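S.K.:
Number of protein chains: 2
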Amino acid sequence: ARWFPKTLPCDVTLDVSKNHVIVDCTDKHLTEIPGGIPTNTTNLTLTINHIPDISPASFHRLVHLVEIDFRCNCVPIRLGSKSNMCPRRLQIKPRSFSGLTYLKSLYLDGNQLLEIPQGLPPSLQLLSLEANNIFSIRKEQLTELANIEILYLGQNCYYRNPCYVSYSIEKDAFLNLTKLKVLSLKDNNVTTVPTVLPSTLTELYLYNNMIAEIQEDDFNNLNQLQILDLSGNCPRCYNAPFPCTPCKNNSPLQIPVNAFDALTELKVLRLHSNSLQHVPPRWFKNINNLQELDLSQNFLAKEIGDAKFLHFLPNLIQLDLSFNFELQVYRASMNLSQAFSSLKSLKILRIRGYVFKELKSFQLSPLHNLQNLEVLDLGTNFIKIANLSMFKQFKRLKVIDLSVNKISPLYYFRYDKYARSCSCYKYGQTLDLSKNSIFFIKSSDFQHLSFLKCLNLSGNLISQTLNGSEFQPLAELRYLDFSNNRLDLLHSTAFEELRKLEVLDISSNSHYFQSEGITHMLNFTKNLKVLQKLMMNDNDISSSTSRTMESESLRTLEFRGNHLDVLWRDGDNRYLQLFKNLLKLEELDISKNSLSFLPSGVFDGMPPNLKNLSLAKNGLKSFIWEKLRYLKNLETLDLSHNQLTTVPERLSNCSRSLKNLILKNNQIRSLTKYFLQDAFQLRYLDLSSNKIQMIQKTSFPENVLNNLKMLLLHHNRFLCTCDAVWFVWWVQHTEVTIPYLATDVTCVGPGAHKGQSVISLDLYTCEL
Amino acid sequence: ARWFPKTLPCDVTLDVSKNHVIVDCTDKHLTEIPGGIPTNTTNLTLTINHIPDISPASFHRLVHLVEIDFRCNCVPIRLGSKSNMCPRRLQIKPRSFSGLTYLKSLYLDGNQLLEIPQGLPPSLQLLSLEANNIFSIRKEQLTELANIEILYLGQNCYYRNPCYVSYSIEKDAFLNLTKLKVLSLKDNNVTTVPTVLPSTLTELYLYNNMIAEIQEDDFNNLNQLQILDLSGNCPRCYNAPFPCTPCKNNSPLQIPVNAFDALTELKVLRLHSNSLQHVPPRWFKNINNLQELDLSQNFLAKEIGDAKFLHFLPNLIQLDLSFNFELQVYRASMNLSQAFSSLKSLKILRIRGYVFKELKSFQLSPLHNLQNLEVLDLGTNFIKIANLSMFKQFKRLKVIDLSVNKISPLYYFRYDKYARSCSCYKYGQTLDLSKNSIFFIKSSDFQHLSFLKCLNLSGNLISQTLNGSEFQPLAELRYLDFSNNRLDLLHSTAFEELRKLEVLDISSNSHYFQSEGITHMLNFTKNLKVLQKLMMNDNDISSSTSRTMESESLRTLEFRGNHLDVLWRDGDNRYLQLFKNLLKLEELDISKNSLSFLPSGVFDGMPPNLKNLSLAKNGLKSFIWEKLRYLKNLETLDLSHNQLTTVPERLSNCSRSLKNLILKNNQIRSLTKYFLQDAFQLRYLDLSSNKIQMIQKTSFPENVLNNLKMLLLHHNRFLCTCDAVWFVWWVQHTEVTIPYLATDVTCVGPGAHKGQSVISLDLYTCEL
Ligand SMILES: *[C@@H]1O[C@H](CO)[C@@H](O[C@@H]2O[C@H](CO)[C@@H](O[C@@H]3O[C@H](CO)[C@@H](O)[C@H](O)[C@@H]3O)[C@H](O)[C@H]2NC(C)=O)[C@H](O)[C@H]1NC(C)=O
Ligand SMILES: CCCCNc1nc(N)nc2cn(Cc3ccc(CNC4CCC4)cc3OC)nc12
Ligand SMILES: CCCCNc1nc(N)nc2cn(Cc3ccc(CNC4CCC4)cc3OC)nc12
Ligand SMILES: *[C@@H]1O[C@H](CO)[C@@H](O[C@@H]2O[C@H](CO)[C@@H](O)[C@H](O)[C@H]2NC(C)=O)[C@H](O)[C@H]1NC(C)=O
Ligand SMILES: *[C@@H]1O[C@H](CO)[C@@H](O[C@@H]2O[C@H](CO)[C@@H](O)[C@H](O)[C@H]2NC(C)=O)[C@H](O)[C@H]1NC(C)=O
Ligand SMILES: *[C@@H]1O[C@H](CO)[C@@H](O[C@@H]2O[C@H](CO)[C@@H](O)[C@H](O)[C@H]2NC(C)=O)[C@H](O)[C@H]1NC(C)=O
Ligand SMILES: *[C@@H]1O[C@H](CO)[C@@H](O)[C@H](O)[C@H]1NC(C)=O
Ligand SMILES: *[C@@H]1O[C@H](CO)[C@@H](O)[C@H](O)[C@H]1NC(C)=O
Ligand SMILES: *[C@@H]1O[C@H](CO)[C@@H](O)[C@H](O)[C@H]1NC(C)=O
Ligand SMILES: *[C@@H]1O[C@H](CO)[C@@H](O)[C@H](O)[C@H]1NC(C)=O
Ligand SMILES: *[C@@H]1O[C@H](CO)[C@@H](O)[C@H](O)[C@H]1NC(C)=O
Ligand SMILES: *[C@@H]1O[C@H](CO)[C@@H](O)[C@H](O)[C@H]1NC(C)=O
Ligand SMILES: *[C@@H]1O[C@H](CO)[C@@H](O)[C@H](O)[C@H]1NC(C)=O
Ligand SMILES: *[C@@H]1O[C@H](CO)[C@@H](O)[C@H](O)[C@H]1NC(C)=O
Ligand SMILES: *[C@@H]1O[C@H](CO)[C@@H](O)[C@H](O)[C@H]1NC(C)=O
Ligand SMILES: *[C@@H]1O[C@H](CO)[C@@H](O)[C@H](O)[C@H]1NC(C)=O
Ligand SMILES: *[C@@H]1O[C@H](CO)[C@@H](O)[C@H](O)[C@H]1NC(C)=O
Ligand SMILES: *[C@@H]1O[C@H](CO)[C@@H](O)[C@H](O)[C@H]1NC(C)=O
Ligand SMILES: *[C@@H]1O[C@H](CO)[C@@H](O)[C@H](O)[C@H]1NC(C)=O
Ligand SMILES: *[C@@H]1O[C@H](CO)[C@@H](O)[C@H](O)[C@H]1NC(C)=O
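Keeping their order, the protein sequence lines are chains B and A.
Under the deposited numbering, read the first sequence as residues 27 to 435, 463 to 475, 490 to 835, first letter to last.
Under the deposited numbering, read the second sequence as residues 27 to 435, 463 to 475, 490 to 835, first letter to last.
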């Protein structure tokens, strides 16, 4: 019971520990900075709005501001919305920030600014001006930034935001920024490394530029540098999904052998897409502490078979040599140099896109005694042959990734993976064979792999009648992803040899379920004694040879994207107890099953401990709410995206345990007279995207409403007449969380009130 | 144009040739028969409504009625809607039909009637009472039906509409119906064939009943019978998708060897699902003219290898022996008796669900000299091996169907396929291998099959880099369905050996398009010199190695379900001419491509003769209508299911050629002042399912409206005030075809008019 309603269209959080008062106005369709922002505001976010200008009046009384995030109020045309394009660039008048003596962070990215804003306070530590039109850096324009530590200037001149000229940086522009630690000049059309840079730099990003050559002294004074990224300078442009201009004569980025001598603290070196043909060992002479090295998207296929530089990297943790294939060559094998054995600290090795026909055990011998190796990624290599038993010498690994290959019996190609916008590994040893050509499996294929905990066979070509003998050696397996295959459940003994199986995914195996009159033994679960979760989504199941699925252990069943409407055809009672004997089942997802109605017997046929039931996206037109009495343990009921027109007369007379009721996206036009009357257990109600006009106190008693963790009412058809007097007052003065109050909890009428938020509604004429 | 607007909620057609006045009130949510039905009405349909009763007032003036179709006004609970269930059965008071002296047809199906309606006129020839609760036939209740020719009484006692007792038919109930030709007692729980039936019967349907035995004299007097169906009496219940009770001791339907002796005119005999183990030749002794024989869903696997009865069927056109497999037996081969060679007239032979491992050439030798054979269907047999070259001896066939098998290098199971509700074959010789396990193809696989015109490899496991050598022998092929495979377009020479290919379907081959950084040669079309149509739907294409697709012959390209939003990413101009060099292209479907906007250059990049463009289901939020000037041959533009808010100021100034404009399912709230001014080529406009409130005369000039073949305005937000005076009058008096006028061209306001049809609107108060 608030005494003064909050009409400000921003979320106001109070973090009393750090004295911070956070005002978040992100994406509120604002054309001006709203009035009434708290005077003690420390963090103000006005991101994704259409405020055309900043002036001394903008933050006049907000003297305690430590951060202003004013991003994307005039986003460049190619990066922004075409339905609501920005007409003019953001105008910043003088003395807008100079009075803010506590300002530490200022983000003005994506506003089409032509110059670095001046009159900034001396307390500023972070300045961000990405995706603007600033492509000439002058020393006089950086004088104000004396105490700056982090400076983002990238994305001011590239294909999604062109400047039509080379980027210019005056000599020693950044040299006297004595506290500068992070400098990013990525995606800027830069032609040379700016010199002299301040020796305090810890991170330097110069990737996706036009730097053809590094001078031997470009990084001579950067003895504190930890991260250096020169990627995308002389890029490898074959199959580039973005406009890509390589260096002439197919030349690499020219780096002198002594260019990194001063970088004794370097931990990360990124040389992705630099068209490199050799990696001279001399580069890493003085770099002893290097931990991450990205050499992907170069022409290093031959170098991988020699790689003498690896002898100088005993502390390297991560090495990436992906997409170094030679065009038009299909190598018979992967030639890894013996030098890989000197990478004592290596945890992750990635060599995708090398392109070779057959993987043999001895080709991985240089990796055999790398004691800290955790990930070996050889995906996207068009490997046709691989004896999986070779991985018996790789039991210590966490993931063996052979995904996207031809084995049978956006990251590397995105322009800027760090661009700013406006899984079974946890089970243990994983062998990922997903998106391969395995059409048939036999026990001998998995010999010597009894240590595996997860096997991903998703997206293979397996059209087999499994009988419980195919995975016999996989005694420790806990997770089997068999999705996107053609499983034929002729035998109820399928998967029974996987005695420790906890999760089975057989989703998207619709092939044999789509053809009429063939056997489907859905009772196969009875033999899996420790199975906790079963997924059989998108199988188009409309028939079954077994009338009951049984399990003493299963807790979760996902059965979405099937045809329970056909199995439960009215007059056919045979499958109304299909899930009844899944005695420990707690979660059942039967959404997207074309259930326009539920026959009588479905609720009585549910297993006894059912907690979360989803009947979403079914086209449900009616629902006998009283039948929820059968589900004595129901806590969550999802009826979203259906065609329901009513709520129960008494929700308490339907379920004594229901905590979360989701009714969003239905056709509800009104609530029953005593809907939530005495439903004291309800903690979450979603009635959003319905057609409710009125809500009276009898339907929504305050003794129930105040207990709610959340109440969603947005996108309804609220009629703001004098009959809505209680609802409007309650919404304005309630502590109960209701999202979208200042953006989509609106009056649709009458007249004057059409389109008006109920939070700003004044109904004084109703009490004269 | 019209002086008296039509306010009747039914469609009224006038067929002056056959002298009919057709009034169709189907599915109009009627609770009473509407007043003002034309007195000359001959055919009155009131199907799917909620009219609770019929009385002498119902058809008082309609003396010229020849047909009353009053079906499904009180559909049985298990067959009808659960959101709007019928409360009480249809009440028919006396003298409702007795005055209709020209009534020839009366359909009262699905109304929960308890007895055969009495007081029917003597002119009645067809009476239909399916899906009612009439399960006792008495001779006295049939005396009124003296001139009846067709009588449907089925579906009155079965699992979807139970009666809880056996069906009763009095002795000789139908005997004195001297003109009865068709009698259907299907799905009725009948225990014996009713006798004596009138000798004038041409068709008798007794399927899906509890008849365990046929007496030798049950059909002794039926010398005019052409169709006899006794299916589903002692059914084969393995994998039945409906409640199925077999005859005890697994006994078949017992048919004496001489039961069909009087049926000299029998053309169709259906013995589907009768658990038959033998087919005695003696059954067909006096049946010389039999044309169709259905013996599917029996236990005739052994009989197929003997089948001496086939020697007595030289005129048989269609033979079905599907789903006769022995449970738990996987035969090595198909044993077809040599007796099949005596089926001289056979055109269609179906033997699905026989279940055998290997198909060999000599197993089909009994079929070699059957000169009229057109269809050989061996689908759903779990065949693992088959030399496709064997079909060189079957060049005369139209279709060889091996669909749903395991070959590698609802019809038979529906309860009642004739239940009443309330393709490349045209190219020539087709070989259907769809839904098989072919993972790799080579030229030799298709040796001796140069005669084929269509090959369906849809839904196989082909993950190959085709290079133009795999289909070398298929010189005459015109249609290749390669959908639902894993095509890898590494080579632009794929499919080039198919020199006569007119249609290529490579839809749903998304596998290799979903993985980043691999080659995709979309320029492969250049080599296909007579290709007319290319389908590459649902491939998730977001990248391409070729910037242009080329073709001198292609007329139709389907590219729906891809990611042109990614290929045409703003700032990337490389693929804006992807379709430009498809010089003869007339139809382009680029719907479902996530195109929230179209970058500049898309329209200029279109090929010159483009006539039909679909941009449906894209989430398009804006559209520069002026760019249609580039498409000088555009005739059809589909912009349905998008988020457009406006129409062009003057459509004629955007396109001089546009004839069909589809804007249904958008967010349009108003039309421009002169929208259709001088749009002389416009013939079809769909503005349905938008949010239009008002339409003024200026937007819709009469010289343009009079050329429209159709104008769709339904499901809008029409505001029926005095400002809508022109629109309301025009809708009422126009001759332009506007569908859904009496069901979904409604006022949403103000007050009194909410929910009212604009056709029934009286605005006389606006002119006083
Ligand atoms: C087709 O006709 C048969 C009879 O020829 C109908 O079956 C009969 O149905 C009734 C009602 O379901 C059965 O009676 C009940 O039996 C149970 C069990 O003994 C008893 O507890 C009840 O009090 C009641 O007496 C009757 O036994 C059963 N007869 C046979 C021989 O099965 C059948 O329902 C009809 N089909 C349809 C679809 O209406
Ligand atoms: C990781 C990036 C992959 C890009 N390349 C690829 N994209 C796609 N789609 N498929 C590919 C399959 N392969 C293997 C391959 C390589 C070279 C040659 C041709 N060499 C012969 C000429 C004389 C020797 C044939 C090959 O396979 C049949 N590379 C592929
Ligand atoms: C047309 C309806 C098909 C119904 N049956 C079927 N439903 C489904 N899903 N898959 C099937 C695969 N097959 C072939 C088959 C038949 C019998 C036996 C068992 N016999 C062996 C004991 C010694 C011989 C094994 C078989 O394959 C492994 N029939 C199947
Ligand atoms: C309010 O602004 C301050 C200052 O810009 C933010 O402080 C940063 O918090 C992160 C952790 O989230 C630290 O890693 C940084 O070192 C802090 N920066 C400075 C300069 O102190 C703070 O996070 C902002 N709060 C919110 C919620 O926006
Ligand atoms: C990067 O800088 C180059 C120049 O170094 C820009 O290229 C020039 O662009 C103009 C306008 O298109 C042309 O008239 C010149 O001929 C180009 N010069 C050269 C050498 O190519 C380029 O546009 C800049 N990049 C971006 C994305 O703006
Ligand atoms: C109007 O009713 C007559 C009589 O019921 C229908 O006539 C049938 O037309 C079909 C198709 O030509 C014939 O096969 C039937 O034999 C005719 N029946 C009789 C009894 O003559 C006519 O089709 C109905 N018209 C419409 C459009 O409903
Ligand atoms: C591996 O590659 C190197 C060159 O990179 C070559 O010297 C060596 O002989 C190759 N060995 C094998 C086994 O291919
Ligand atoms: C696979 O390798 C194992 C050794 O780990 C060996 O026993 C087995 O025979 C090999 N099989 C094949 C097909 O090479
Ligand atoms: C298996 O791999 C697919 C990708 O091919 C991925 O979507 C899925 O999450 C993986 N399974 C698990 C359990 O990690
Ligand atoms: C399962 O099939 C394999 C051959 O694939 C066979 O060795 C095994 O005996 C079968 N299992 C049973 C229970 O017959
Ligand atoms: C599944 O049901 C069949 C009968 O249809 C039975 O033979 C089989 O043992 C059942 N399987 C399990 C694991 O209960
Ligand atoms: C689904 O049930 C699990 C317990 O089985 C619970 O952790 C989860 O919160 C439930 N989902 C919701 C939305 O409450
Ligand atoms: C609870 O609901 C049932 C069904 O609607 C009804 O019969 C019962 O009377 C209700 N309780 C009360 C107190 O009326
Ligand atoms: C074919 O089946 C019949 C019995 O139906 C048997 O007499 C005959 O020997 C069988 N021949 C072959 C080749 O299987
Ligand atoms: C397939 O049959 C043809 C005869 O038409 C023969 O030439 C060919 O060798 C056979 N192929 C195989 C794989 O047996
Ligand atoms: C190929 O078969 C599939 C069914 O497997 C069918 O949907 C498709 O229409 C067939 N292709 C043609 C061109 O008839
Ligand atoms: C295409 O593949 C076949 C089969 O591997 C091969 O014989 C043929 O030489 C290939 N074509 C070319 C042009 O390499
Ligand atoms: C497709 O383009 C490639 C170059 O990217 C070229 O080698 C090939 O000949 C082209 N194919 C056709 C059929 O034009
Ligand atoms: C126009 O082309 C579309 C496909 O883009 C097609 O579905 C439609 O039937 C065509 N209409 C006419 C009148 O040609
Ligand atoms: C559009 O209308 C203007 C004004 O009448 C005219 O100048 C122009 O030529 C027209 N363009 C087209 C494409 O009809």
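Beta carbons are placed, not taken as given, at the ideal position from N, Cα and C, and that holds for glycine.
1. So, helix, strand or coil for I94/B, using DSSP?
2. Any heavy atom of ligand 16 closer than 8 Å to the CB of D499/A?
3. State the Cα-Cα distance for the pair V669/A and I805/B, rounded to the nearest angstrom.
4. Can you tell me which residues form a DSSP beta bridge with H46/B?
5. What separation, rounded to the nearest whole angstrom, lies between the Cα atoms of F200/B and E175/B?
6. Got a list of residues with beta-carbon closer than 6 Å to any non-hydrogen atom of ligand 20, in chain order?
7. Under 7 Å between beta-carbons, which chain B residues line up against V92/A? List them in chain order, please.
8. From what residue to what residue does the alpha helix (DSSP H) around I330/B run?
9. Determine the extent of the alpha helix (DSSP H) in which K334/A is found, giving its start and end residues.
10. May I ask you to check if the CB of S667/A is nearer than 8 Å to at least one heavy atom of ligand 16?
11. Measuring only the C-alpha atoms, how far is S550/A from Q364/A?
12. Would you identify the three-state DSSP class for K740/B, choosing helix, strand or coil?
13. For ligand 5, I want to know if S192/B counts as a neighbour, meaning its beta carbon is within less than 8 Å of at least one of the ligand's heavy atoms.
14. What residues of chain B sit near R641/A, judged by a beta carbon separation below 8 Å?
15. Applying a beta-carbon distance threshold of less than 8 Å, which residues of chain B neighbour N265/A?
16. Run through DSSP, which three-state label would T832/B get?
17. Taking only the alpha-carbon atoms, compute the straight-line gap between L230/A and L126/A and give it to the nearest angstrom.
18. From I313/B, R262/B, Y264/B, pick the residue whose C-alpha is nearest to that of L251/B; which is it?
19. Are the CB atoms of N606/A and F580/A nearer to each other than 9 Å?
20. Hey, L621/A and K596/A are a contact pair by Cβ (cut 8 Å); roughly how many whole angstroms apart?
21. For my contact list, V47/A and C36/A are in at a C-beta cut-off of 8 Å; report their separation, rounded to the angstrom.
22. Listing by chain order, which chain B residues have their CB less than 7 Å from the CB of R104/A?
M.R.: On the basis of the coordinates in this document:
1. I94/B falls in the strand class under three-state DSSP.
2. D499/A Cβ: within cutoff of ligand 16.
3. So the alpha carbons of these two residues sit roughly 43 Å apart.
4. As computed with DSSP, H46/B is found in a beta bridge with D41/B.
5. Going from the Cα of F200/B to the Cα of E175/B covers about 11 Å.
6. With the cut-off at 6 Å, the residues found are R696/A, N720/A.
7. None at all; the shortest Cβ gap to chain B is about 35 Å.
8. Note, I330/B: alpha helix (DSSP H), 327 to 330.
9. According to the DSSP assignment, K334/A belongs to no alpha helix (DSSP H), since it is labelled neither H nor E.
10. Not so, every heavy atom of ligand 16 lies at least 8 Å from the Cβ.
11. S550/A and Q364/A have their C-alpha atoms roughly 38 Å apart.
12. Of the three classes helix, strand and coil, the one that applies to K740/B here is coil, per DSSP.
13. Flag set: Cβ of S192/B near ligand 5.
14. The CB of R641/A comes closer than 8 Å to the CB of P269 in chain B, given here in chain order.
15. In chain order: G584, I585, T586, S610, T612.
16. Three-state DSSP puts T832/B in a helix.
17. Taken atom to atom, the span from the alpha-carbon of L230/A to that of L126/A is near 29 Å.
18. The residue from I313/B, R262/B, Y264/B with its alpha-carbon nearest to that of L251/B is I313/B.
19. In this structure, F580/A lies closer than 9 Å to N606/A by Cβ.
20. Rounded, the Cβ-Cβ distance is 10 Å, inconsistent with contact.
21. With 8 Å as the limit, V47/A and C36/A do not qualify as a contact, their Cβ atoms being about 11 Å apart.
22. Within chain B, the residues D637, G638 have their CB atoms less than 7 Å from the CB of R104/A, given in chain order.
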